[PDB]
Amino acid sequence: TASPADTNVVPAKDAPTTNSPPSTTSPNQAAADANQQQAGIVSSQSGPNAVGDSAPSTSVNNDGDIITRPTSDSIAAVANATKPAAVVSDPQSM
Amino acid sequence: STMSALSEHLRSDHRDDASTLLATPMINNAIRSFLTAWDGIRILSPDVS
């Protein structure tokens, strides 16, 4: 009778962007389409509402850039690109 | 049906200050149950697990 599943419905974790497919071309439109198809709506019934919409995607950075890996790794990548040797061997060292 | 059974029911479900001075993790929800007077059927609160 008093089914909790019908009373305690709340958005799941990572809800706003979970369905976003991994792509770089048009992530927001692609994510929007994925949400629409995931929700069970078919394009033939949504009509004109499906053409211009866009939704948040994981491929888009908070700054508004196309990202292909977690931002920490991007930070790690640039950091690792610059690591001069701590101790070097040269004849004139005192 | 028997006075003994009722006594235990009180001794279990309706003693409140008992067993106070110890760590107690078994905190339940607010509503334990309801009883409908017109039919006498008792409804237990669902437990989410």
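If you go through the stretch B:34-49 and keep only what is of a type outside the set (D, E, K, R), surrounded by fewer than 10 Cβ atoms within 10 Å (Cβ to Cβ) and not in a strand (DSSP E or B), you end up with B:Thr36, B:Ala37, B:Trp38, B:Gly40, B:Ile41, B:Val48, B:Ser49. Every condition in (1) more than 14 Å from chain B (Cβ to nearest Cβ); (2) in a loop (DSSP other than H, G, I, E, B); (3) of a type outside the set (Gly, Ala, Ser) holds for A:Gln36 except the one numbered (2). Cβ separations smaller than 8 Å between residues 6+ apart or across chains give the following pairs from the stretch B:36-49 residues that are more than 11 Å from chain A (Cβ to nearest Cβ) to residues that are in a loop (DSSP other than H, G, I, E, B) and surrounded by fewer than 10 Cβ atoms within 10 Å (Cβ to Cβ): B:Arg42/B:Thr36.
Pairs meeting the criteria (first residue in the stretch A:4-25 and within 12 Å of chain B (Cβ to nearest Cβ), second residue of a type outside the set (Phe, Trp, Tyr), beta carbons under 8 Å, at least 6 apart or on different chains) are A:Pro4/B:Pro46; A:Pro4/B:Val48; A:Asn8/B:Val48. With respect to the stated conditions, B:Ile31 fails to be within 14 Å of chain A (Cβ to nearest Cβ), among the aliphatic types (A, V, I, L, M), in a strand (DSSP E or B) and out of contact with any helix residue (DSSP H, G or I) (no Cβ under 7 Å at 6 or more places or on another chain). Considering A:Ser93, A:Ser46, A:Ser57, the condition of being more than 14 Å from chain B (Cβ to nearest Cβ) and part of a helix (DSSP H, G or I) is satisfied by A:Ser46 alone.
Residue check: is B:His14 surrounded by 10 or more Cβ atoms within 10 Å (Cβ to Cβ) and either touching an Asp or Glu at 6+ places or on another chain (Cβ under 7 Å) or over 22 Å from A:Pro4 (Cβ atoms) (or both)? No; evaluated as a whole, the condition is false for this residue.
When we count neighbours, we look across all protein chains shown, and the Cβ atoms used for this are built from the backbone with ideal geometry, even at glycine. Values quoted throughout were computed directly from the atomic coordinates according to the rules given, and no laboratory measurement underlies them.
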